[PDB]
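Q: just dropping in an experimental structure and the matching sequence.
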Amino acid sequence: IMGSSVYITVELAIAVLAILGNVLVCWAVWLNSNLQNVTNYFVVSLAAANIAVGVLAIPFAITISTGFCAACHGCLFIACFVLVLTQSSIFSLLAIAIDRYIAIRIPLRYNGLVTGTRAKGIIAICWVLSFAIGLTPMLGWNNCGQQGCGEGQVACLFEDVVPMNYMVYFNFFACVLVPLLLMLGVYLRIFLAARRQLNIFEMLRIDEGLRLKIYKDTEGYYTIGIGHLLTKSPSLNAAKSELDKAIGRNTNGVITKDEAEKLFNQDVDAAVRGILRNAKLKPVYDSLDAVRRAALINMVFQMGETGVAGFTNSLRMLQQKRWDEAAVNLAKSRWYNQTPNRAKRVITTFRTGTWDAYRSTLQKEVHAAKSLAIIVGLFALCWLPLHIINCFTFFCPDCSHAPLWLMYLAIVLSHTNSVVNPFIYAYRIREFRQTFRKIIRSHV
Ligand SMILES: CCNC(=O)[C@H]1O[C@@H](n2cnc3c(NCC(c4ccccc4)c4ccccc4)nc(C(=O)NCCNC(=O)NC4CCN(c5ccccn5)CC4)nc32)[C@H](O)[C@@H]1O
């Protein structure tokens, strides 16, 4: 069997695989309401782009490898679409990655930044850029201006109509490499967040939250950082002025993470001084190690000293280092009943003296980082070979040419992006995974 038959069969097989898997992803989000979030707005968009790739782009990419005689612009149109439909997938993928950057790195401002309306607005921007970039050759940047096929006709091959300086300068750098570098920067950032060094600052950030902008707290007072009240005055300018005084520089109501940590360490200093001046809490705070002290401070920040001093029985056990007995006793209060998540983490800290309960909470980010490593690795493996090949053909024509099977393999790889990248991310999600199981077992 000759090569062309192998290429078409493999290219067609990938088309079905790209269609089946991405139909599944949209099906799951369609019936399961736990998947009807804003993140999966982007996931479904990518699945749509990938169904079109399997339906239209792949048959086109095949077509523009047969070399039949065609009107130069009629063959140019075919080529540009496969460029459009594939651009649409790259940018759609980039939108998912960024949604995950904000969701993990900046969870408090996420729901505000990324809404259904903002999402559909971004998905729109993605397709508009895809058509603009993909159809640019039709504007005039084509190899058609100039025996074998006749006048006005050329042998319909990709390179015969699409210039190589468009594929290297415009298409590769601006629309393939940049997204990859962006997506890679996303992965590395989430990787450093998931594997971050833990401390009282990180503890309170997990329990209460970090805000690098000024915000009104539950009692309407302006606040910044981790619950650091600036002023009770209704004047935002006054809040901004108090902020500048504590920071030193002029902030405009915005600080860096490093500045919120200097505000926090000052609040911690304040909390300890109050603990040391409380006759009930002083003997216990002195008898604890650093990590358990941090958990005692966690309680002060939430209830104040008088509220902590009310735990006479639990405090007693802690001073005697009766960790287990102290824990079960603390599990009884209305503190636990009203904020069980936070109290359960604080108690585990008392019982173990480690950050365990607060490193367990980062496993969700660890899971997010590994899912993105797969996205960026598959993306680099699927797209770099083909575009590296173009770069060598454009900057060094006389160079040793790669064999036809490796060249066409790079094309196959570029189209395998549409079957792995969205689906693999979905399959790593328990909800998605269970929904896939439910639909295939029932309907199939
Ligand atoms: C969002 C981004 N989107 C994309 O990148 C999509 O665009 C398509 N694409 C992107 N570069 C593509 C591309 N480069 C051209 C490249 C090449 C050709 C074939 C296979 C891989 C790469 C090339 C290399 C060397 C010389 C010229 C072009 N050739 C095709 C595409 O069909 N070739 C099929 C039709 N041509 C051909 O048999 N020519 C042959 C290739 C072998 N001979 C050679 C070899 C060395 C030197 C000279 N003569 C004779 C011409 N398609 C491409 C593909 O669908 C991508 O998924």
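A: Great, that's in hand. Residues are numbered from 1 along each chain as shown.

Q: please count neighbours and contacts with C-alpha atoms only from this point.
A: Will do.

Q: how far away is residue 268 from residue 392?
A: For residue 268, the distance to residue 392 (Cα to Cα, to the nearest Å) stands at 59 Å.

Q: actually residue 319, not the one I wrote
A: 71 Å.

Q: and residue 232, by the same measure?
A: The gap separating residue 232 from residue 392 is 65 Å, by Cα to Cα.

Q: enumerate the residues of this structure near the ligand.
A: 61, 64-65, 82-83, 86-87, 157-159, 390, 393, 401, 407-408, 411, 414-415 (Cα under 6 Å from any ligand atom).

Q: which residue packs closest to residue 300, ignoring adjacent ones?
A: residue 308 (6.2 Å; Cα to Cα, 6 or more residues apart in numbering).

Q: next, count neighbours for that neighbour.
A: 20 (other Cα atoms under 10 Å).

Q: that one: what's it in contact with?
A: 281, 299-300 (Cα atoms under 8 Å, 6 or more residues apart in numbering).

Q: so which of those residues wins on neighbours?
A: In the contacts of residue 308, the most neighbours by other Cα under 10 Å go to residue 281, 23 neighbours.

Q: residue 49 contacts residue 91, correct?
A: No: the pair residue 49 / residue 91 is not scored as a contact, 10.0 Å apart, by Cα atoms under 8 Å.

Q: other SSEs contacting the longest strand along the chain?
A: Determined from DSSP state E, the single longest strand within the chain is strand 211-216. For strand 211-216, the elements it packs on are strand 222-225, judged by 3 or more Cα pairs under 8 Å, 6 or more residues apart in numbering; DSSP states H and E.

Q: keeping just the C-alphas, turn the strand it packs on into CSV.
A: The C-alpha atoms that make up strand 222-225 are tabulated as CSV, following Å, rounded to 0.1, in the frame of the first residue of the first chain:
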residue,chain,number,x,y,z
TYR,A,222,-13.0,49.2,54.1
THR,A,223,-10.5,46.4,54.3
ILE,A,224,-7.4,45.1,52.4
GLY,A,225,-5.2,42.1,52.5
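
Q: so how far is residue 279 from the residue nearest to residue 300?
A: Counting by Cα to Cα, the gap from residue 308 to residue 279 is 12 Å.

Q: and the longest strand of the chain, which residues are buried?
A: By neighbour count on 16 or more other Cα atoms under 10 Å, the buried set for strand 211-216 is 211-212, 214-215.

Q: what residues are up against residue 288?
A: Residue 288 neighbours (Cα under 8 Å, 6+ apart): 318-319.

Q: before we move on, the earlier item: what about residue 268 and residue 392, which has more around it?
A: A direct count of neighbours by other Cα under 10 Å for residue 268 and residue 392 places residue 268 higher, at 19 against 16.

Q: that one: which element?
A: Element membership for residue 268, per DSSP states H and E: helix 257-276.

Q: equivalent analysis for residue 318, please.
A: Judged by DSSP H and E, residue 318 forms part of helix 312-319.

Q: got the CA positions of that helix in PDB?
A: This file holds the C-alpha atoms of helix 312-319, laid out as PDB (Å, rounded to 0.1, in the frame of the first residue of the first chain):
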ATOM      1  CA  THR A 312     -11.400  26.800  79.100                       C
ATOM      2  CA  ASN A 313     -11.700  23.000  78.800                       C
ATOM      3  CA  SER A 314     -10.000  22.700  75.400                       C
ATOM      4  CA  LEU A 315      -7.300  25.200  76.400                       C
ATOM      5  CA  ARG A 316      -6.600  23.100  79.500                       C
ATOM      6  CA  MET A 317      -5.900  20.000  77.400                       C
ATOM      7  CA  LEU A 318      -3.700  21.900  75.000                       C
ATOM      8  CA  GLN A 319      -1.400  23.100  77.800                       C
END
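
Q: and for that helix, what's in contact with it?
A: 280-281, 283-284, 287-288, 309, 323, 325-327, 329-330, 350.

Q: ok, stretch 397-407 next?
A: Residues contacting stretch 397-407 (Cα under 8 Å, 6+ apart): 3, 386, 389, 392-393.

Q: and for stretch 190-197?
A: 101, 104-105, 362-366, 368-369.

Q: and stretch 228-246, by the same measure?
A: 214, 221-224, 250-253, 263-264, 267.

Q: switch the cut-off to 10 Å
A: 211, 214-217, 219-224, 247-255, 259-260, 262-264, 266-267 (Cα atoms under 10 Å, 6 or more residues apart in numbering).

Q: now it: buried residues?
A: 228-231, 236, 239-244.

Q: and which of these is nearest residue 205?
A: The closest of these to residue 205 turns out to be residue 228 (Cα to Cα; 12.1 Å).

Q: show me where the stretch 101-250 of the chain has strands.
A: Ranges of strands in the stretch 101-250 of the chain, per DSSP state E, counting those that start in this stretch, are 153-155, 211-216, 222-225, 228-231.

Q: nearest to residue 422, of those?
A: Of all the strands of the stretch 101-250 of the chain, it is strand 211-216 that lies closest to residue 422, at 32.2 Å by Cα to Cα.

Q: got the CA coordinates for the closest one in PDB?
A: Output of strand 211-216 as PDB, limited to C-alpha atoms (Å, rounded to 0.1, in the frame of the first residue of the first chain):
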ATOM      1  CA  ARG A 211      -7.400  40.800  48.700                       C
ATOM      2  CA  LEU A 212      -4.900  43.100  47.000                       C
ATOM      3  CA  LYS A 213      -7.600  45.700  46.400                       C
ATOM      4  CA  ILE A 214      -9.700  47.700  48.900                       C
ATOM      5  CA  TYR A 215     -13.100  46.100  49.600                       C
ATOM      6  CA  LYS A 216     -16.000  46.500  52.000                       C
END
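
Q: how distant is that strand from the center of its chain?
A: 23 Å (Cα atoms, centre = their mean, to the nearest Å).

Q: the inter-axis angle of that strand versus helix 257-276?
A: Put simply, strand 211-216 runs at 60 degrees to helix 257-276, going by axes from the mean of the first three to the mean of the last three Cα atoms, to 10 degrees.

Q: pretty sure residue 405 sits in a helix.
A: Yes: the assignment for residue 405 (DSSP: H, G, I helix; E, B strand; the rest coil) places it in a helix.

Q: so what's the most centrally placed residue in the chain up against?
A: Geometric centre of the chain, nearest residue: residue 100, 2.0 Å, by Cα atoms, centre = their mean. For residue 100, the contact set (Cα under 10 Å, 6+ apart) comprises 39, 94, 106-107, 110, 186-187, 190, 365, 368-369, 372.

Q: the contacts of stretch 228-246, buried ones only, as a ChimeraX selection?
A: Typed into ChimeraX, the line below selects the buried ones among these, using 16+ other Cα under 10 Å:
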select :211,214,215,221,222,223,224,253,254,255,260,263,264,267
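
Q: mind checking which of the contacts of stretch 190-197 are in strands?
A: Residues of the contacts of stretch 190-197 located in strands (DSSP E): none.

Q: how about these in JSON lines, adding neighbour count?
A: Shown next, in JSON lines, are the contacts of stretch 190-197 (neighbours: other Cα atoms under 10 Å):
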{"residue": "101", "neighbour count": "21"}
{"residue": "104", "neighbour count": "20"}
{"residue": "105", "neighbour count": "17"}
{"residue": "362", "neighbour count": "17"}
{"residue": "363", "neighbour count": "13"}
{"residue": "364", "neighbour count": "12"}
{"residue": "365", "neighbour count": "20"}
{"residue": "366", "neighbour count": "16"}
{"residue": "368", "neighbour count": "21"}
{"residue": "369", "neighbour count": "25"}
